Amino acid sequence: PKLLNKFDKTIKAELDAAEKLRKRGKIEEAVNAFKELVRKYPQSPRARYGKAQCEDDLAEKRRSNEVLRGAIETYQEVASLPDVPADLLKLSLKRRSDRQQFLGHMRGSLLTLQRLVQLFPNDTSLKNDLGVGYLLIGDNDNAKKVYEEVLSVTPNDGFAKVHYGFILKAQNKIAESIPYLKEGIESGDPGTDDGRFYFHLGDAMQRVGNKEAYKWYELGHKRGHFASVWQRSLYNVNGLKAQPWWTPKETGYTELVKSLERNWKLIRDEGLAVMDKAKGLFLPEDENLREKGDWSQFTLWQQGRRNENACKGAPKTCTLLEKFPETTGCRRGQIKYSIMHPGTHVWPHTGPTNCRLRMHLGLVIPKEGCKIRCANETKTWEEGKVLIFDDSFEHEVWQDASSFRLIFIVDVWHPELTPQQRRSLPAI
């Protein structure tokens, strides 16, 4: 990579000396070394880039967002200098975007990537990076347009193929997404061996009835993406006891389970009252997990945060639950009423994390037509009784009764998680 313009080649000796200090771990001394080069040579792009890299390393040594914010600006200063070589310009702004994403400045990272695409219009990899930027902010429409441009000039780019197929599947274009996901994974290009693409390829195949779906769950498991063929969560803590169905004693949460079963009728009655007098609080399921039917949820807690307006509708239930931080503090779970009507079939799916267990309390259960499968075992609900399963295992639900079915869903931390882990895991 050509990093020295005409002037920097003349001071290459001073530049290499400072870089050796940064490479020797003496970051604080290399910071002042490159700062002195920037003072003496204010137009040197290599001296400016060296100052940015040292600020980057110092931000890690101290885990400082404020220091990294300065490095982000210094990387941009490199681009504003005259006669900057193309390799140095690309490297500074790409790293700036990467650090903007690390800080959560996703809007800023997008502008940096847009500037790179304008500067190097032929580099398709920068377009692929711009596509990821749109995906990180949820703009699947602009991401789709980007990967369509990449596939027009580079039709066999595997990175662009899997990301196009992911967007297609997200838009419920199930049958269309499969060739892009399969051929993209099979390309072996960097960035295509990702669990997210094995997950959605196998799920797309399941929804169209293709038997090849479980062959891809096998390969995903063999490559280290899934704990097993059945358990396909992607945000995991390794080593947690993996088991489809649990008993209350196994979870250790006996006091919560007894409290739910002893007081189940009051939980039912507050849910029925919301159905009758405030049905707008029940929101339709919005993750494209239904094949058909009507399925809605009324959420009291999410990501360990109490929903204040929701607890005004179920005040006694919220008061009862606030005694159990193992569920109210579960930042990777929810507490919610869940209603399902006849004619509903929920696609096989898994949750995102192995760090929770999911409890179901039966509230209004018709005598026939309702069942839930987890892994290879199908069960039914009982009014006033708790079922416990690990929803990181593939599960599927049917509702073919003659009236509605109402349950209460209570997520808890996996019992084997230490208190330190429950406080540090990013919320989902």
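We number the residues from 1 along the sequence you see.
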Fill in: Mean temperature factor over C-alpha atoms, higher-scoring stretch between 58 to 66 and 37 to 45
58 to 66
Response to the item:
Going by the entry, of stretches 331 to 339 and 235 to 243 the one with greater average Cα B-factor is 235 to 243
Worksheet item: Among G293, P190, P352, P348, which residue carries the highest C-alpha B-factor recorded in the PDB entry?
Response: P190
Discussion item. Sorting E382, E368, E29, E394 by Cα temperature factor from the record, which one lands on top?
Written reply: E29
Response to the item:
Assert third(CA B-factor, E285) within chain per record equals lowest
Worksheet item: By the record's CA B-factor, is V274 among the lowest, middle or highest third of residues in the chain?
Response: lowest
Item to complete: For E261, return the chain-relative third of its C-alpha B-factor as stated in the PDB record: lowest, middle or highest.
Response: lowest
Item to complete: Taking the values exactly as deposited, rank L168 by C-alpha B-factor within its chain and report the matching third: lowest, middle or highest.
Response: middle
Worksheet item: For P315, does the deposited CA B-factor place it in the lowest, middle or highest third of the chain?
Response: lowest
